[PDB]
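For reference, query21.pdb (PDB, C-alpha atoms (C1' of nucleotides)):
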ATOM      1  CA  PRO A  38     -14.432  -5.942   6.974  1.00  0.00           C
ATOM      2  CA  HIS A  39     -12.109  -8.751   5.870  1.00  0.00           C
ATOM      3  CA  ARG A  40     -12.490  -7.766   2.206  1.00  0.00           C
ATOM      4  CA  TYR A  41      -9.329  -8.026   0.118  1.00  0.00           C
ATOM      5  CA  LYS A  42      -8.593  -6.065  -3.035  1.00  0.00           C
ATOM      6  CA  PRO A  43      -9.772  -7.664  -6.310  1.00  0.00           C
ATOM      7  CA  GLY A  44      -7.221 -10.312  -7.220  1.00  0.00           C
ATOM      8  CA  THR A  45      -5.586 -10.647  -3.794  1.00  0.00           C
ATOM      9  CA  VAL A  46      -7.154 -14.087  -3.267  1.00  0.00           C
ATOM     10  CA  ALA A  47      -7.033 -14.832  -7.002  1.00  0.00           C
ATOM     11  CA  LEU A  48      -3.339 -15.749  -7.029  1.00  0.00           C
ATOM     12  CA  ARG A  49      -3.763 -17.960  -3.956  1.00  0.00           C
ATOM     13  CA  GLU A  50      -6.782 -19.681  -5.453  1.00  0.00           C
ATOM     14  CA  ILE A  51      -5.011 -20.228  -8.794  1.00  0.00           C
ATOM     15  CA  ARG A  52      -2.184 -21.851  -6.846  1.00  0.00           C
ATOM     16  CA  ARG A  53      -4.777 -24.030  -5.116  1.00  0.00           C
ATOM     17  CA  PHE A  54      -6.161 -25.327  -8.416  1.00  0.00           C
ATOM     18  CA  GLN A  55      -2.860 -25.714 -10.257  1.00  0.00           C
ATOM     19  CA  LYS A  56      -1.723 -27.798  -7.295  1.00  0.00           C
ATOM     20  CA  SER A  57      -4.856 -29.954  -7.573  1.00  0.00           C
ATOM     21  CA  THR A  58      -5.545 -32.558 -10.257  1.00  0.00           C
ATOM     22  CA  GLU A  59      -9.174 -33.620  -9.672  1.00  0.00           C
ATOM     23  CA  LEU A  60     -12.211 -33.504 -11.966  1.00  0.00           C
ATOM     24  CA  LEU A  61     -13.265 -29.875 -12.427  1.00  0.00           C
ATOM     25  CA  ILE A  62     -16.559 -30.709 -14.190  1.00  0.00           C
ATOM     26  CA  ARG A  63     -19.548 -32.187 -12.375  1.00  0.00           C
ATOM     27  CA  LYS A  64     -20.175 -35.670 -13.747  1.00  0.00           C
ATOM     28  CA  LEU A  65     -23.980 -35.567 -13.992  1.00  0.00           C
ATOM     29  CA  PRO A  66     -24.332 -32.418 -16.171  1.00  0.00           C
ATOM     30  CA  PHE A  67     -21.510 -33.750 -18.349  1.00  0.00           C
TER      31      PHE A  67
ATOM     32  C1'  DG B   1     -42.886-115.138 -15.739  1.00  0.00           C
ATOM     33  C1'  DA B   2     -45.935-111.595 -12.028  1.00  0.00           C
ATOM     34  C1'  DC B   3     -45.527-108.457  -9.224  1.00  0.00           C
ATOM     35  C1'  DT B   4     -42.182-105.497  -5.412  1.00  0.00           C
ATOM     36  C1'  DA B   5     -39.015-102.130  -3.459  1.00  0.00           C
ATOM     37  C1'  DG B   6     -36.271 -97.888  -3.693  1.00  0.00           C
ATOM     38  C1'  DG B   7     -34.291 -93.322  -5.574  1.00  0.00           C
ATOM     39  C1'  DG B   8     -33.147 -89.424  -8.786  1.00  0.00           C
ATOM     40  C1'  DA B   9     -35.795 -86.868 -12.193  1.00  0.00           C
ATOM     41  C1'  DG B  10     -40.455 -84.659 -13.362  1.00  0.00           C
ATOM     42  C1'  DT B  11     -43.807 -81.698 -11.385  1.00  0.00           C
ATOM     43  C1'  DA B  12     -44.668 -78.493  -8.027  1.00  0.00           C
ATOM     44  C1'  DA B  13     -44.903 -75.545  -3.696  1.00  0.00           C
ATOM     45  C1'  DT B  14     -41.724 -72.335  -0.351  1.00  0.00           C
ATOM     46  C1'  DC B  15     -38.806 -69.236   0.410  1.00  0.00           C
ATOM     47  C1'  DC B  16     -36.978 -65.226  -0.211  1.00  0.00           C
ATOM     48  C1'  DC B  17     -33.835 -62.266  -1.893  1.00  0.00           C
ATOM     49  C1'  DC B  18     -33.810 -58.647  -5.560  1.00  0.00           C
ATOM     50  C1'  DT B  19     -35.275 -54.889  -7.353  1.00  0.00           C
ATOM     51  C1'  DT B  20     -39.059 -51.305 -10.634  1.00  0.00           C
ATOM     52  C1'  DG B  21     -41.406 -46.980  -9.449  1.00  0.00           C
ATOM     53  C1'  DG B  22     -42.671 -42.767  -6.380  1.00  0.00           C
ATOM     54  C1'  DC B  23     -41.860 -39.446  -2.315  1.00  0.00           C
ATOM     55  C1'  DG B  24     -39.709 -36.911   1.772  1.00  0.00           C
ATOM     56  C1'  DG B  25     -35.412 -35.031   4.308  1.00  0.00           C
ATOM     57  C1'  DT B  26     -31.170 -32.646   4.221  1.00  0.00           C
ATOM     58  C1'  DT B  27     -26.608 -31.029   2.912  1.00  0.00           C
ATOM     59  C1'  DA B  28     -23.712 -28.733  -0.883  1.00  0.00           C
ATOM     60  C1'  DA B  29     -23.113 -26.479  -4.924  1.00  0.00           C
ATOM     61  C1'  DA B  30     -24.952 -23.313  -7.893  1.00  0.00           C
ATOM     62  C1'  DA B  31     -27.555 -18.717  -8.631  1.00  0.00           C
ATOM     63  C1'  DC B  32     -28.254 -13.905  -7.779  1.00  0.00           C
ATOM     64  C1'  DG B  33     -27.315  -9.174  -6.147  1.00  0.00           C
ATOM     65  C1'  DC B  34     -24.659  -4.785  -4.124  1.00  0.00           C
ATOM     66  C1'  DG B  35     -20.364  -1.260  -2.801  1.00  0.00           C
ATOM     67  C1'  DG B  36     -16.826  -0.086  -4.393  1.00  0.00           C
ATOM     68  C1'  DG B  37     -12.819   0.017  -6.435  1.00  0.00           C
ATOM     69  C1'  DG B  38      -8.942  -1.089  -9.725  1.00  0.00           C
ATOM     70  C1'  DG B  39      -8.348  -2.166 -14.723  1.00  0.00           C
ATOM     71  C1'  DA B  40      -9.382  -0.270 -19.593  1.00  0.00           C
ATOM     72  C1'  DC B  41      -8.838   3.080 -22.306  1.00  0.00           C
ATOM     73  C1'  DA B  42      -9.149   8.008 -24.462  1.00  0.00           C
ATOM     74  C1'  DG B  43      -6.154  12.616 -25.425  1.00  0.00           C
ATOM     75  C1'  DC B  44      -1.949  13.877 -26.177  1.00  0.00           C
ATOM     76  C1'  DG B  45       3.264  14.919 -26.892  1.00  0.00           C
ATOM     77  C1'  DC B  46       7.363  13.592 -28.631  1.00  0.00           C
ATOM     78  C1'  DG B  47      11.646  11.940 -30.320  1.00  0.00           C
ATOM     79  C1'  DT B  48      14.123   9.165 -32.570  1.00  0.00           C
ATOM     80  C1'  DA B  49      14.118   5.433 -35.440  1.00  0.00           C
ATOM     81  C1'  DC B  50      13.105   4.059 -39.104  1.00  0.00           C
ATOM     82  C1'  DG B  51      10.551   5.530 -44.418  1.00  0.00           C
ATOM     83  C1'  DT B  52      12.488   7.367 -48.302  1.00  0.00           C
ATOM     84  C1'  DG B  53      15.547   9.883 -52.429  1.00  0.00           C
ATOM     85  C1'  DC B  54      20.262   9.462 -54.506  1.00  0.00           C
ATOM     86  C1'  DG B  55      25.598   8.515 -55.020  1.00  0.00           C
ATOM     87  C1'  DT B  56      29.137   4.403 -55.358  1.00  0.00           C
ATOM     88  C1'  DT B  57      30.558   0.156 -55.603  1.00  0.00           C
ATOM     89  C1'  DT B  58      30.746  -5.988 -54.910  1.00  0.00           C
ATOM     90  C1'  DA B  59      28.290  -9.769 -56.534  1.00  0.00           C
ATOM     91  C1'  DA B  60      24.523 -13.517 -58.726  1.00  0.00           C
ATOM     92  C1'  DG B  61      23.336 -14.328 -63.129  1.00  0.00           C
ATOM     93  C1'  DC B  62      25.230 -14.516 -67.151  1.00  0.00           C
ATOM     94  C1'  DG B  63      27.912 -17.304 -71.048  1.00  0.00           C
ATOM     95  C1'  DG B  64      30.761 -20.917 -71.623  1.00  0.00           C
ATOM     96  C1'  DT B  65      34.251 -24.802 -70.620  1.00  0.00           C
ATOM     97  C1'  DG B  66      37.017 -29.171 -69.367  1.00  0.00           C
ATOM     98  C1'  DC B  67      36.758 -32.829 -67.377  1.00  0.00           C
ATOM     99  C1'  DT B  68      35.914 -36.351 -62.579  1.00  0.00           C
ATOM    100  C1'  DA B  69      34.186 -39.116 -58.838  1.00  0.00           C
ATOM    101  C1'  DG B  70      29.924 -40.704 -57.249  1.00  0.00           C
ATOM    102  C1'  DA B  71      25.194 -42.960 -58.762  1.00  0.00           C
ATOM    103  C1'  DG B  72      22.072 -46.775 -61.567  1.00  0.00           C
ATOM    104  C1'  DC B  73      21.843 -51.242 -63.443  1.00  0.00           C
ATOM    105  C1'  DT B  74      23.949 -56.003 -65.000  1.00  0.00           C
ATOM    106  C1'  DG B  75      25.059 -60.996 -63.006  1.00  0.00           C
ATOM    107  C1'  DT B  76      25.713 -64.096 -58.931  1.00  0.00           C
ATOM    108  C1'  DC B  77      25.745 -66.724 -54.721  1.00  0.00           C
ATOM    109  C1'  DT B  78      24.879 -67.808 -50.190  1.00  0.00           C
ATOM    110  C1'  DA B  79      23.699 -66.665 -45.430  1.00  0.00           C
ATOM    111  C1'  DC B  80      19.547 -66.542 -43.696  1.00  0.00           C
ATOM    112  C1'  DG B  81      14.212 -66.339 -42.655  1.00  0.00           C
ATOM    113  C1'  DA B  82       9.469 -68.160 -42.951  1.00  0.00           C
ATOM    114  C1'  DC B  83       7.451 -72.809 -43.402  1.00  0.00           C
ATOM    115  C1'  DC B  84       5.597 -77.998 -38.950  1.00  0.00           C
ATOM    116  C1'  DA B  85       5.013 -79.017 -32.975  1.00  0.00           C
ATOM    117  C1'  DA B  86       7.281 -80.972 -27.887  1.00  0.00           C
ATOM    118  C1'  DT B  87       8.171 -78.398 -24.715  1.00  0.00           C
ATOM    119  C1'  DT B  88       8.061 -76.393 -20.259  1.00  0.00           C
ATOM    120  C1'  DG B  89       8.669 -72.698 -17.926  1.00  0.00           C
ATOM    121  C1'  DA B  90       7.584 -67.285 -17.894  1.00  0.00           C
ATOM    122  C1'  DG B  91       3.490 -65.546 -16.495  1.00  0.00           C
ATOM    123  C1'  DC B  92      -0.952 -64.669 -15.954  1.00  0.00           C
ATOM    124  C1'  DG B  93      -6.101 -65.774 -13.461  1.00  0.00           C
ATOM    125  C1'  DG B  94      -7.937 -65.645  -8.578  1.00  0.00           C
ATOM    126  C1'  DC B  95      -7.385 -64.703  -3.399  1.00  0.00           C
ATOM    127  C1'  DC B  96      -5.345 -62.473   1.535  1.00  0.00           C
ATOM    128  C1'  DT B  97      -3.246 -59.735   3.895  1.00  0.00           C
ATOM    129  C1'  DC B  98      -1.281 -55.531   6.819  1.00  0.00           C
ATOM    130  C1'  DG B  99       0.966 -51.077   5.210  1.00  0.00           C
ATOM    131  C1'  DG B 100       0.990 -46.505   2.884  1.00  0.00           C
ATOM    132  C1'  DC B 101      -2.403 -43.586   1.635  1.00  0.00           C
ATOM    133  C1'  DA B 102      -6.621 -40.532   3.157  1.00  0.00           C
ATOM    134  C1'  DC B 103      -7.329 -37.001   5.644  1.00  0.00           C
ATOM    135  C1'  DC B 104      -7.994 -33.946   9.796  1.00  0.00           C
ATOM    136  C1'  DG B 105      -6.212 -31.761  14.222  1.00  0.00           C
ATOM    137  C1'  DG B 106      -2.504 -28.444  17.514  1.00  0.00           C
ATOM    138  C1'  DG B 107       0.891 -25.719  16.621  1.00  0.00           C
ATOM    139  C1'  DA B 108       4.594 -23.139  14.760  1.00  0.00           C
ATOM    140  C1'  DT B 109       5.204 -20.310  10.860  1.00  0.00           C
ATOM    141  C1'  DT B 110       4.186 -17.284   7.692  1.00  0.00           C
ATOM    142  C1'  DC B 111       1.471 -13.824   4.370  1.00  0.00           C
ATOM    143  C1'  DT B 112      -1.291  -9.779   4.295  1.00  0.00           C
ATOM    144  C1'  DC B 113      -4.195  -4.797   5.907  1.00  0.00           C
ATOM    145  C1'  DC B 114      -4.706  -0.628   8.369  1.00  0.00           C
ATOM    146  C1'  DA B 115      -4.640   3.717  10.571  1.00  0.00           C
ATOM    147  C1'  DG B 116      -2.460   6.322  12.218  1.00  0.00           C
ATOM    148  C1'  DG B 117       1.893   8.944  13.464  1.00  0.00           C
ATOM    149  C1'  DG B 118       6.973   9.421  12.077  1.00  0.00           C
TER     150       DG B 118
END

What is this file in structure tokens?
Amino acid sequence: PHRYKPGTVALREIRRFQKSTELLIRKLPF
DNA sequence: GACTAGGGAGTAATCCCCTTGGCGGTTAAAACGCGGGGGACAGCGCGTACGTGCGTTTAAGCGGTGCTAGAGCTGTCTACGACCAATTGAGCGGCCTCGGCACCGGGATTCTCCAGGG
């Protein structure tokens, strides 16, 4: 099982967003 | 002077491109649920770092003083800024590229998990 401990992918995924700069909110519901 | 001829506007028919609604198909993001585990937090012990009482002094407020150099207003002038337009060029309004950006692939590189022994 390729299950990582809670938070192991969290730091990576935070890095992924804080690199990005796009719109985080879907336009139609807004 | 009477009637004639031709062409762009008045009237009208053709085209036809442009969209209003609904509905189906299909991918992507959102929605929901479970095993398990790591984060939250209680119970507690302590020590040591402040919370507090009292002695013994420097210091701001006290009380007053003798002025002294910087701050407010009185003329006064004069260098300068807000009053027409010709201009004419500094720069913007509209278009046409090919290049850097968009983005994904092959690979080297690197970041992480485990079940064992070492």

Which residues of chain A sit at most 9 Å from chain B, using all atoms listed in the file? Give each one's shortest atom pair and distance in Å (one decimal place), in chain and ascending residue order, as a Markdown table.
| residue | atom | partner | partner_atom | distance |
| --- | --- | --- | --- | --- |
| A:39 | CA | B:113 | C1' | 8.8 |
| A:41 | CA | B:113 | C1' | 8.4 |
| A:42 | CA | B:37 | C1' | 8.1 |
| A:43 | CA | B:38 | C1' | 7.5 |

Keeping only C-alpha atoms, write the selected residues as a tab-separated table (two decimals), in the coordinates of the input.
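Now in again-v8.tsv:
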chain	number	residue	atom	x	y	z
A	39	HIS	CA	-12.11	-8.75	5.87
A	41	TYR	CA	-9.33	-8.03	0.12
A	42	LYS	CA	-8.59	-6.06	-3.04
A	43	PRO	CA	-9.77	-7.66	-6.31

Axis-aligned box for stretch 41-51 of chain A, 3 Å per side, centre and edges in Å as AutoDock Vina command-line options:
--center_x -6.6 --center_y -13.1 --center_z -4.3 --size_x 12.4 --size_y 20.2 --size_z 14.9

Quick one: distance from atom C1' of residue B:104 to atom CA of residue A:44 in Å, one decimal?
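Computing the Euclidean distance for atom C1' of residue B:104 and atom CA of residue A:44 yields 29.1 Å.
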
Rounded to one decimal in Å, what is the spacing between atom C1' of residue B:21 and atom CA of residue A:64?
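Going from atom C1' of residue B:21 over to atom CA of residue A:64 covers 24.4 Å.
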
Mind giving me the straight-line distance from atom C1' of residue B:31 to atom CA of residue A:55 in Å, one decimal?
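That distance, rounded to one decimal, is 25.7 Å.
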